[PDB]
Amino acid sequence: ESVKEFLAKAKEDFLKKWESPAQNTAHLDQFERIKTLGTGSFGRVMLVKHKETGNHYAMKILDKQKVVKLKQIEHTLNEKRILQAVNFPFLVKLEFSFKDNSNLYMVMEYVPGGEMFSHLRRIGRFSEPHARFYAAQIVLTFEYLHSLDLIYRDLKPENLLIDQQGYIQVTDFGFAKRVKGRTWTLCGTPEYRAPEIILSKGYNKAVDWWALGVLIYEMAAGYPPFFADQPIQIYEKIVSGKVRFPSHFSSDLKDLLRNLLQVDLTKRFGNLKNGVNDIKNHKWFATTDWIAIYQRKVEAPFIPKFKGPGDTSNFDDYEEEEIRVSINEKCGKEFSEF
């Protein structure tokens, strides 16, 4: 299979799933709720055990009222819809979704090696070969997504999970949208937010390649290229365009980053005629066997400790919160088609 054939075949499967979504229904009382795995601006994700099978999953729980207040209605509908329709080795899989009077639930595959974030912060930084390994998966993953005219828009270590073989699983499709032309929503974790987004311009898939630049930088540096006290000041720095690199960055890494962290869309790698191939062929990815990575035949730079099926020792502890369900339906209209 050539990539053209693989992706055109991928587009055909996706469109079918898109047009006739499967019946992935379940009910809350079917799962035993173990422990909170992580939290974000919108949702709480819990380790759960299916009372029947004994299988573990990660259940994302969203409060309808909160989703409405934070204005994530269209985003949350996108999230579930895109998740159940995509299929790629490094996208977390959606197993069930459903809702009750109060909440929306997305029950995913449980990725048990914790966030990339927590490993990155603890180790301090990733060697360039280590960063390169994760970076290659994101590249292949954006290739897949962008061929489907999907943009991801929230790339960060907090949204990337390490599996049992030490590979990346992209989770949180909260900002994922099908965009064939342009889109306008001011969204995306601040440090990773593309300039064109901040400038309130219409933007496209190219914002993800900016975000890839920020990721790769943070992975090798141990800190992101643009940071400050308040999100305002950060945006100033992102728009300024001036990036400074640490002295230990190889010369290739510096060059790739210069071409990803390009404020001018006409120059940004992944947005040129050659497209994604400008990244795949850049000096820094010379030793990358792009196919072998897709087939997961390459040895991961490390593999997290495992101590059982429902072991959560790779995740931080979070304060456990009661899961409340109203006796009457709430936001019946806003989430009618969930």
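When you see a residue number, it is the position in the sequence shown, counting from 1.
Trainee: Would you tell me which stretch averages the higher CA B-factor in the PDB entry, 235-243 or 152-160?
Mentor: Per the PDB entry, the higher value belongs to 235-243.
Trainee: On average, which has the higher Cα B-factor in the deposited entry, 224-232 or 106-114?
Mentor: Between 224-232 and 106-114, it is 224-232.
Trainee: Whose CA atom has the top B-factor in the entry, of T36, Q65, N274, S41?
Mentor: Highest CA B-factor of the listed options: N274.
Trainee: Which of these has the highest Cα B-factor in the record: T141, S200, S147, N78?
Mentor: That would be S200.
Trainee: Sort the modelled residues of this chain by their C-alpha B factor and say whether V263 lands in the lowest, middle or highest third.
Mentor: Tercile = highest for this residue's CA B-factor.
Trainee: In terms of the chain's CA B-factor thirds, is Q137 lowest, middle or highest?
Mentor: Middle third, going by the recorded CA B-factors of the chain.
Trainee: Looking at the entry's B-factor column for C-alpha atoms only, identify whether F335 ranks in the lowest, middle or highest third of its chain.
Mentor: For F335, the deposited C-alpha B-factor lands in the lowest third.
Trainee: Ranking the modelled residues of this chain by C-alpha B-factor as given in the entry, is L212 in the lowest, middle or highest third?
Mentor: Lowest third.
Trainee: Lowest, middle or highest third of the chain for the C-alpha temperature factor of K16?
Mentor: Ranked within chain, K16 CA B lands in the lowest tercile.
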